[PDB]
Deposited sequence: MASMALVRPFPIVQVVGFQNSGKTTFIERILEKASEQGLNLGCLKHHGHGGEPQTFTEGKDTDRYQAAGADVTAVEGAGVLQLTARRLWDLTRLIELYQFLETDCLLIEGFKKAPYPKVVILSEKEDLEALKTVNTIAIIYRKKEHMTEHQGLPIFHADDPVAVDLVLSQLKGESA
């Protein structure tokens, strides 16, 4: 069940990058979920509430969620794979967006498979993985190949 993450400080270009990836996954018919780390007065009493109609479910669920259970949920709704924005702490392969060379420090994490710096001229050469410009299409293609 392939998984790639996107991690980066606020205003790095994360949701544009993700957007580009999801658009290109539609074409290709790839069946890919998206998860972002961050009925009305029904909720003002209950825990798991939802609306459904014409093939779309809108669901709100108050649980003690961790990433593992969220991934099981995605497996249950029968997606092929998963794009995650955030959960830096998770073990899954991830693409790191840097606004500044000194972003990579506070973004402490494993299984980094690429870096999108955001202001390219700043890039001290970094061992062990490929480096792209933010608008480089290979970088969105790199993510899709890992998602299969």
| item | value |
| --- | --- |
| Missing residue ranges, deposited sequence indexing starting at 1 | 1-9, 48-62, 173-176 |
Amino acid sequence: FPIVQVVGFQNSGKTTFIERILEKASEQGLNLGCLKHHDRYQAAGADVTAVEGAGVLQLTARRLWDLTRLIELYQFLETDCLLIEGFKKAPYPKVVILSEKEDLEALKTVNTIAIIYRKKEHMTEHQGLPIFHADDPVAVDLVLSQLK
From here on, numbers count along this sequence of modelled residues.
item	value
28-36 set against 119-127, stretch whose average Cα temperature factor tops the other in the entry	119-127
Of 103-111 and 54-62, the one with larger mean CA B-factor	103-111
Of the residues 95, 48, 84, 44, the one carrying the largest Cα B-factor as recorded	44
